[PDB]
>>> print(open('final_26.tsv').read())   # TSV, C-alpha atoms and all ligand atoms
chain	number	residue	atom	x	y	z
A	10	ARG	CA	0.00	0.00	0.00
A	11	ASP	CA	0.91	3.63	-0.57
A	12	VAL	CA	-0.29	6.51	1.56
A	13	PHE	CA	-1.84	9.71	0.24
A	14	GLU	CA	-3.03	13.07	1.47
A	15	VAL	CA	-5.54	15.37	-0.16
A	16	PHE	CA	-7.25	18.56	1.06
A	17	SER	CA	-10.95	18.95	1.34
A	18	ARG	CA	-12.80	22.10	0.24
A	19	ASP	CA	-12.55	23.64	3.71
A	20	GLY	CA	-8.81	22.96	4.06
A	21	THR	CA	-9.06	19.78	6.17
A	22	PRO	CA	-6.33	17.29	5.28
A	23	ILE	CA	-7.68	13.87	4.43
A	24	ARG	CA	-5.29	10.97	4.67
A	25	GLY	CA	-5.68	7.43	3.40
A	26	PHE	CA	-4.11	4.51	1.65
A	27	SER	CA	-4.08	3.27	-1.95
A	28	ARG	CA	-3.72	-0.47	-2.62
A	29	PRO	CA	-2.86	-0.71	-6.33
A	30	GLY	CA	-4.56	-3.16	-8.64
A	31	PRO	CA	-5.44	-3.64	-12.31
A	32	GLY	CA	-9.21	-3.67	-11.85
A	33	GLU	CA	-11.92	-1.22	-10.94
A	34	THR	CA	-11.14	1.66	-8.59
A	35	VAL	CA	-13.10	1.21	-5.37
A	36	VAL	CA	-13.35	3.91	-2.66
A	37	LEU	CA	-14.16	2.73	0.86
A	38	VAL	CA	-15.96	5.01	3.37
A	39	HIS	CA	-16.12	3.97	7.03
A	40	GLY	CA	-18.70	4.80	9.71
A	41	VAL	CA	-18.75	7.35	12.57
A	42	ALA	CA	-16.85	5.46	15.28
A	43	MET	CA	-14.48	3.78	12.86
A	44	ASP	CA	-11.39	4.45	10.75
A	45	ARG	CA	-9.90	2.98	7.61
A	46	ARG	CA	-8.37	-0.03	9.41
A	47	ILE	CA	-11.78	-1.72	9.39
A	48	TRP	CA	-11.46	-2.73	5.77
A	49	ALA	CA	-8.58	-5.13	6.32
A	50	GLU	CA	-9.79	-6.21	9.76
A	51	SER	CA	-13.28	-7.08	8.49
A	52	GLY	CA	-11.89	-9.13	5.56
A	53	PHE	CA	-13.64	-6.85	3.09
A	54	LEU	CA	-10.30	-5.77	1.52
A	55	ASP	CA	-9.05	-9.31	0.93
A	56	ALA	CA	-12.29	-10.02	-0.92
A	57	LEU	CA	-11.23	-7.56	-3.70
A	58	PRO	CA	-7.87	-8.89	-4.90
A	59	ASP	CA	-7.91	-7.18	-8.31
A	60	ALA	CA	-9.32	-3.77	-7.45
A	61	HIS	CA	-7.42	-0.54	-6.97
A	62	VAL	CA	-8.62	0.21	-3.46
A	63	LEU	CA	-8.68	3.72	-1.96
A	64	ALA	CA	-9.53	3.93	1.74
A	65	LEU	CA	-9.70	7.28	3.49
A	66	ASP	CA	-9.95	8.33	7.08
A	67	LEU	CA	-12.84	10.79	7.25
A	68	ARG	CA	-12.11	14.10	8.94
A	69	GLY	CA	-11.50	13.77	12.64
A	70	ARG	CA	-10.85	9.99	12.47
A	71	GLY	CA	-7.60	8.06	11.93
A	72	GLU	CA	-4.84	10.18	10.39
A	73	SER	CA	-7.08	12.89	9.01
A	74	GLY	CA	-7.29	16.45	10.27
A	75	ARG	CA	-9.14	17.32	13.44
A	76	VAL	CA	-12.43	19.21	13.29
A	77	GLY	CA	-13.97	19.51	16.76
A	78	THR	CA	-17.15	21.39	15.75
A	79	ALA	CA	-20.56	20.05	14.88
A	80	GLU	CA	-20.88	22.02	11.65
A	81	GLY	CA	-17.44	20.84	10.58
A	82	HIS	CA	-18.91	17.33	10.67
A	83	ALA	CA	-21.87	18.18	8.42
A	84	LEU	CA	-22.66	15.61	5.72
A	85	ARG	CA	-21.61	18.04	3.01
A	86	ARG	CA	-18.11	18.19	4.47
A	87	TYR	CA	-17.69	14.41	4.41
A	88	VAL	CA	-18.90	14.46	0.80
A	89	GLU	CA	-16.19	17.03	0.04
A	90	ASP	CA	-13.62	14.77	1.74
A	91	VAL	CA	-14.53	11.85	-0.51
A	92	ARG	CA	-14.64	13.98	-3.66
A	93	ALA	CA	-11.12	15.20	-2.90
A	94	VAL	CA	-9.95	11.57	-2.94
A	95	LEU	CA	-11.66	11.11	-6.31
A	96	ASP	CA	-9.76	14.15	-7.55
A	97	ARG	CA	-6.35	12.84	-6.43
A	98	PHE	CA	-6.65	9.59	-8.32
A	99	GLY	CA	-8.00	11.21	-11.46
A	100	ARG	CA	-10.26	8.44	-12.73
A	101	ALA	CA	-13.45	8.96	-14.71
A	102	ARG	CA	-15.16	6.01	-12.98
A	103	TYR	CA	-15.24	5.02	-9.31
A	104	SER	CA	-17.22	2.53	-7.27
A	105	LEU	CA	-17.92	3.64	-3.71
A	106	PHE	CA	-18.72	1.37	-0.76
A	107	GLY	CA	-19.67	2.73	2.68
A	108	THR	CA	-20.55	1.17	6.02
A	109	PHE	CA	-23.40	2.54	8.17
A	110	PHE	CA	-23.17	6.34	8.04
A	111	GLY	CA	-20.38	5.80	5.54
A	112	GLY	CA	-23.09	4.31	3.25
A	113	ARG	CA	-25.13	7.50	3.54
A	114	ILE	CA	-21.98	9.46	2.65
A	115	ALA	CA	-21.39	7.23	-0.36
A	116	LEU	CA	-24.98	7.71	-1.53
A	117	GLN	CA	-24.70	11.44	-1.28
A	118	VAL	CA	-21.41	11.53	-3.17
A	119	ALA	CA	-23.16	9.48	-5.88
A	120	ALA	CA	-25.94	12.06	-6.03
A	121	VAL	CA	-23.55	14.94	-6.79
A	122	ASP	CA	-20.54	13.37	-8.53
A	123	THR	CA	-20.88	12.01	-12.05
A	124	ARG	CA	-17.62	10.08	-11.67
A	125	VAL	CA	-19.38	7.65	-9.35
A	126	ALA	CA	-20.44	4.67	-11.52
A	127	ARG	CA	-21.56	2.51	-8.56
A	128	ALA	CA	-22.39	3.17	-4.91
A	129	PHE	CA	-22.99	0.52	-2.30
A	130	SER	CA	-24.51	1.42	1.09
A	131	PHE	CA	-24.00	-1.24	3.75
A	132	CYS	CA	-26.66	-1.11	6.46
A	133	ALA	CA	-27.94	2.39	5.62
A	134	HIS	CA	-30.80	3.39	3.31
A	135	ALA	CA	-31.24	6.50	1.17
A	136	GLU	CA	-34.48	7.98	2.58
A	137	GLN	CA	-35.30	10.99	4.70
A	138	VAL	CA	-34.99	10.28	8.41
A	139	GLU	CA	-36.43	12.16	11.39
A	140	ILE	CA	-33.58	12.82	13.82
A	141	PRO	CA	-34.58	13.47	17.47
A	142	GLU	CA	-32.52	16.48	18.55
A	143	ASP	CA	-32.65	15.60	22.25
A	144	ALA	CA	-31.58	11.97	21.93
A	145	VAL	CA	-28.70	12.85	19.59
A	146	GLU	CA	-27.45	15.57	21.94
A	147	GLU	CA	-27.69	13.09	24.83
A	148	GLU	CA	-25.64	10.58	22.86
A	149	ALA	CA	-23.04	13.23	21.99
A	150	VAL	CA	-22.59	13.92	25.72
A	151	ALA	CA	-22.22	10.19	26.44
A	152	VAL	CA	-19.64	9.54	23.75
A	153	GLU	CA	-17.48	12.65	24.28
A	154	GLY	CA	-16.90	12.25	28.01
A	155	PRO	CA	-14.44	10.05	29.92
A	156	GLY	CA	-16.73	7.04	29.70
A	157	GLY	CA	-17.48	7.49	26.01
A	158	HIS	CA	-15.40	4.66	24.55
A	159	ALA	CA	-16.74	2.25	27.21
A	160	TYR	CA	-20.30	3.42	26.40
A	161	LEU	CA	-19.86	2.51	22.73
A	162	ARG	CA	-17.89	-0.68	23.45
A	163	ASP	CA	-20.57	-1.90	25.82
A	164	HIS	CA	-23.37	-1.04	23.39
A	165	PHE	CA	-21.75	-2.72	20.39
A	166	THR	CA	-20.64	-5.78	22.42
A	167	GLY	CA	-24.12	-6.23	23.82
A	168	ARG	CA	-25.51	-6.13	20.26
A	169	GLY	CA	-23.09	-8.74	18.92
A	170	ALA	CA	-20.90	-6.47	16.79
A	171	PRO	CA	-17.72	-8.04	15.36
A	172	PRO	CA	-14.62	-7.45	17.49
A	173	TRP	CA	-13.06	-5.08	14.95
A	174	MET	CA	-16.12	-2.81	15.25
A	175	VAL	CA	-16.01	-2.90	19.03
A	176	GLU	CA	-12.31	-2.07	19.02
A	177	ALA	CA	-12.42	0.73	16.49
A	178	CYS	CA	-14.33	3.11	18.79
A	179	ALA	CA	-11.33	3.47	21.13
A	180	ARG	CA	-9.26	4.85	18.26
A	181	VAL	CA	-11.52	7.88	17.78
A	182	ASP	CA	-10.84	10.99	19.85
A	183	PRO	CA	-13.78	11.47	22.27
A	184	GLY	CA	-14.12	15.11	21.16
A	185	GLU	CA	-14.59	13.98	17.56
A	186	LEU	CA	-17.14	11.36	18.59
A	187	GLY	CA	-19.17	14.14	20.18
A	188	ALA	CA	-18.75	16.56	17.29
A	189	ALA	CA	-19.58	13.95	14.65
A	190	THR	CA	-22.70	13.00	16.62
A	191	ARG	CA	-23.82	16.64	16.78
A	192	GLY	CA	-22.90	16.96	13.13
A	193	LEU	CA	-25.75	14.63	12.23
A	194	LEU	CA	-28.08	17.55	12.99
A	195	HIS	CA	-26.58	19.47	10.04
A	196	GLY	CA	-28.00	17.88	6.89
A	197	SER	CA	-27.81	14.12	7.43
A	198	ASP	CA	-31.61	13.83	7.68
A	199	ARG	CA	-32.38	14.43	3.98
A	200	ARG	CA	-32.91	11.72	1.40
A	201	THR	CA	-30.30	11.13	-1.32
A	202	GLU	CA	-30.96	11.39	-5.05
A	203	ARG	CA	-29.78	9.46	-8.07
A	204	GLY	CA	-26.83	11.13	-9.76
A	205	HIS	CA	-27.33	9.91	-13.28
A	206	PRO	CA	-29.31	7.21	-15.10
A	207	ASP	CA	-26.51	4.70	-15.58
A	208	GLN	CA	-25.41	4.65	-11.97
A	209	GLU	CA	-25.61	1.35	-10.12
A	210	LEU	CA	-27.00	1.96	-6.60
A	211	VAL	CA	-27.00	-0.92	-4.13
A	212	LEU	CA	-28.35	-1.03	-0.59
A	213	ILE	CA	-27.35	-3.94	1.69
A	214	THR	CA	-28.89	-4.95	5.01
A	215	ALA	CA	-29.84	-7.82	7.33
A	216	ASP	CA	-32.72	-9.98	6.17
A	217	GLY	CA	-33.96	-9.61	9.76
A	218	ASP	CA	-33.78	-5.78	9.73
A	219	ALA	CA	-36.64	-4.48	11.84
A	220	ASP	CA	-37.16	-1.59	9.39
A	221	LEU	CA	-36.86	-2.77	5.78
A	222	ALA	CA	-39.49	-0.31	4.55
A	223	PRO	CA	-37.02	2.50	3.67
A	224	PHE	CA	-34.82	0.00	1.84
A	225	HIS	CA	-37.71	-0.97	-0.37
A	226	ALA	CA	-38.46	2.73	-0.78
A	227	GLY	CA	-35.00	3.17	-2.26
A	228	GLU	CA	-35.61	0.36	-4.75
A	229	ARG	CA	-38.71	2.25	-5.94
A	230	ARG	CA	-37.47	5.83	-5.80
A	231	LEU	CA	-33.85	5.40	-6.91
A	232	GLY	CA	-33.95	2.13	-8.80
A	233	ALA	CA	-31.56	0.76	-6.20
A	234	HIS	CA	-30.93	-2.97	-5.83
A	235	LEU	CA	-31.39	-4.47	-2.40
A	236	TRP	CA	-29.04	-7.16	-1.15
A	237	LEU	CA	-29.78	-9.12	2.04
A	238	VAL	CA	-27.37	-10.91	4.37
A	239	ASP	CA	-28.32	-13.49	6.99
A	240	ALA	CA	-28.50	-11.57	10.26
A	241	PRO	CA	-31.17	-10.48	12.76
A	242	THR	CA	-29.98	-6.84	13.03
A	243	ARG	CA	-27.85	-4.29	11.15
A	244	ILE	CA	-25.10	-4.46	13.74
A	245	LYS	CA	-24.92	-8.25	13.42
A	246	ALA	CA	-24.95	-7.92	9.62
A	247	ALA	CA	-21.46	-6.40	10.02
A	248	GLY	CA	-20.29	-9.96	10.75
A	249	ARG	CA	-21.03	-10.63	7.06
A	250	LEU	CA	-18.91	-7.80	5.61
A	251	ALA	CA	-16.26	-10.08	4.08
A	252	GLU	CA	-19.00	-12.11	2.37
A	253	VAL	CA	-20.49	-8.88	1.02
A	254	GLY	CA	-17.04	-8.03	-0.33
A	255	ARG	CA	-17.07	-11.22	-2.34
A	256	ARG	CA	-20.40	-10.27	-3.82
A	257	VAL	CA	-19.07	-6.79	-4.67
A	258	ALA	CA	-16.14	-8.49	-6.38
A	259	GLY	CA	-18.65	-10.42	-8.51
A	260	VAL	CA	-20.19	-7.12	-9.68
A	261	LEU	CA	-16.80	-5.55	-10.39
A	262	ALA	CA	-15.74	-8.63	-12.38
A	301	LIG	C1	-31.43	2.20	13.87
A	301	LIG	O1	-30.01	2.24	13.99
A	301	LIG	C2	-29.34	1.15	14.55
A	301	LIG	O2	-29.90	0.06	14.51
A	301	LIG	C3	-27.93	1.37	15.13
A	301	LIG	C4	-26.98	1.86	13.97
A	301	LIG	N1	-27.27	3.34	13.69
A	301	LIG	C5	-27.79	3.71	12.48
A	301	LIG	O3	-28.05	2.80	11.64
A	301	LIG	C6	-28.14	5.07	12.11
A	301	LIG	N2	-28.61	5.99	13.16
A	301	LIG	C7	-29.87	5.95	13.76
A	301	LIG	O4	-30.58	5.05	13.32
A	301	LIG	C8	-30.47	7.03	14.83
A	301	LIG	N3	-29.30	7.62	15.40
A	301	LIG	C9	-28.73	7.52	16.52
A	301	LIG	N4	-27.50	8.17	16.97
A	301	LIG	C10	-26.72	9.03	16.03
A	301	LIG	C11	-25.80	8.00	15.61
A	301	LIG	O5	-26.13	7.19	14.73
A	301	LIG	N5	-24.55	7.85	16.24
A	301	LIG	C12	-23.96	8.67	17.34
A	301	LIG	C13	-22.80	7.86	17.83
A	301	LIG	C14	-22.35	7.03	16.65
A	301	LIG	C15	-21.67	5.77	17.09
A	301	LIG	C16	-23.62	6.73	15.83
A	301	LIG	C17	-24.40	5.45	16.28
A	301	LIG	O6	-24.28	4.37	15.72
A	301	LIG	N6	-25.24	5.54	17.38
A	301	LIG	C18	-26.09	4.43	17.92
A	301	LIG	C19	-26.01	4.17	19.42
A	301	LIG	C20	-27.21	3.28	19.81
A	301	LIG	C21	-24.67	3.58	19.86
A	301	LIG	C22	-27.47	4.97	17.50
A	301	LIG	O7	-27.99	4.49	16.48
A	301	LIG	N7	-28.08	5.98	18.22
A	301	LIG	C23	-29.26	6.57	17.81
A	301	LIG	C24	-30.12	7.30	18.97
A	301	LIG	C25	-31.22	8.17	18.45
A	301	LIG	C26	-30.76	6.14	19.83
A	301	LIG	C27	-29.18	8.18	19.83
A	301	LIG	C28	-31.34	8.00	14.04
A	301	LIG	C29	-32.64	7.34	13.52
A	301	LIG	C30	-31.74	9.12	14.93
A	301	LIG	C31	-30.57	8.56	12.88
A	301	LIG	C32	-26.95	5.87	11.31
A	301	LIG	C33	-26.22	4.92	10.39
A	301	LIG	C34	-27.49	7.12	10.66
A	301	LIG	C35	-27.27	8.43	11.14
A	301	LIG	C36	-27.79	9.56	10.51
A	301	LIG	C37	-28.56	9.46	9.36
A	301	LIG	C38	-28.79	8.17	8.86
A	301	LIG	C39	-28.29	7.06	9.50
A	301	LIG	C40	-25.46	1.70	14.08
A	301	LIG	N8	-24.79	0.73	14.68
A	301	LIG	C41	-23.39	0.91	14.51
A	301	LIG	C42	-23.00	1.99	13.80
A	301	LIG	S1	-24.37	2.85	13.28
>>> encode(input="final_26.tsv", output="structure tokens", more="lines below")
Ligand SMILES: COC(=O)C[C@@H](NC(=O)[C@@H](NC(=O)[C@@H](/N=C1/NCC(=O)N2CC[C@@H](C)[C@H]2C(=O)N[C@@H](C(C)C)C(=O)N[C@H]1C(C)(C)C)C(C)(C)C)[C@@H](C)c1ccccc1)c1nccs1
Amino acid sequence: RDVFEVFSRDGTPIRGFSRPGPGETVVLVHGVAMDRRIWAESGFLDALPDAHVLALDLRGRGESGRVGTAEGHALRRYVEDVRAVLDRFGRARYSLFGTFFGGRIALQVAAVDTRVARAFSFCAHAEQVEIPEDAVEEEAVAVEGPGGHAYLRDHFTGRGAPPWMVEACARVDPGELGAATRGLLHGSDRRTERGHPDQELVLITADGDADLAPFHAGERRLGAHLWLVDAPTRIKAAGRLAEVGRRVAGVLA
């Protein structure tokens, strides 16, 4: 792997790795309490042996610049972070894959960037969501304080998350956990749109998801394809991420 840095629209440095390959260029977008190490740890990366893989750390996570404000964590800023990565590698065609909120990011990048030929959203749908201000602020307080990593660890353990997902939370600065959480009140509630007719949009979730309605809504509204994995919940579906990688590799082939 090679490392890269790019600068987002607002000056934030965005750092990542490039794993060269002869195949399609795939850009990987992690979730809120994660960093780019999840792709190797989950087995997703080994499922794409031929692809040119680009994996960034979103702002405030991993090796990328610190933010520390809620508006700095607005959805539009993460979209700018990903588009900067698309600029550095100069391709006309990219396939994006995002986990959890990273899926929402990938969908929004697809809406605005005609270089995105495919976008895959793992365990996130594309529809409008009502965000309860009070509960999100409460969660920001929990995650940003001294007990914040333990709060997330305990929650994800108790819901059967894979170990890599449990462990990743402790690698995120508590101040950025709080700011990213508050950032969800700045634009993340809106639905995403289709960027252009030829785009391939894929949503992935647990067959046991308690709320499949918005996933079906995306099939209808966006012409998205819905992929199911065997799991009772979205968190547990993350145990199937390597398997999903193999299915992505079948599309890219
Ligand atoms: C139903 O969702 C689940 O089954 C768990 C699942 N979450 C999500 O799919 C989505 N979100 C949510 O549904 C709600 N949102 C929350 N908090 C905002 C939020 O998400 N976070 C703040 C901390 C950060 C780790 C992240 C998170 O995970 N928090 C958990 C908490 C229980 C540990 C958490 O969901 N809390 C809740 C409350 C309200 C209880 C505080 C909502 C409807 C208000 C948007 C994410 C992907 C998203 C955010 C914005 C736009 C669209 C989607 C995940 N499992 C692992 C990673 S994401």
>>> axis_aligned_box(input="final_26.tsv", around="ligand LIG 301 (chain A)", padding_each_side="6 Å", output="lines of an AutoDock Vina configuration file")
center_x = -27.2
center_y = 4.8
center_z = 14.4
size_x = 23.0
size_y = 21.5
size_z = 23.0
>>> residues_near_point(input="final_26.tsv", point="(-6.4, -3.2, -6.8)", cutoff="7 Å", atoms="all atoms listed in the file", output="PyMOL selection string")
chain A and resi 28-32+58-62
>>> residues_around(input="final_26.tsv", residues="residue 77 of chain A", least_positions_apart="6", cutoff="7 Å", atoms="all atoms listed in the file", output="list in words")
residues 184, 185 and 188 of chain A
>>> atom_distance(input="final_26.tsv", atom1="atom CA of residue 105 of chain A", atom2="atom CA of residue 50 of chain A")
18.6 Å
>>> closest_residue(input="final_26.tsv", among="A:160, A:173, A:48, A:110", to="ligand LIG 301 (chain A)", atoms="all atoms listed in the file")
A:110
>>> residues_around(input="final_26.tsv", residues="residue 98 of chain A", least_positions_apart="3", cutoff="12 Å", atoms="only C-alpha atoms", output="list in words")
residues 13, 14, 15, 25, 26, 27, 28, 29, 34, 35, 36, 61, 62, 63, 64, 91, 92, 93, 94, 95, 101, 102, 103 and 124 of chain A
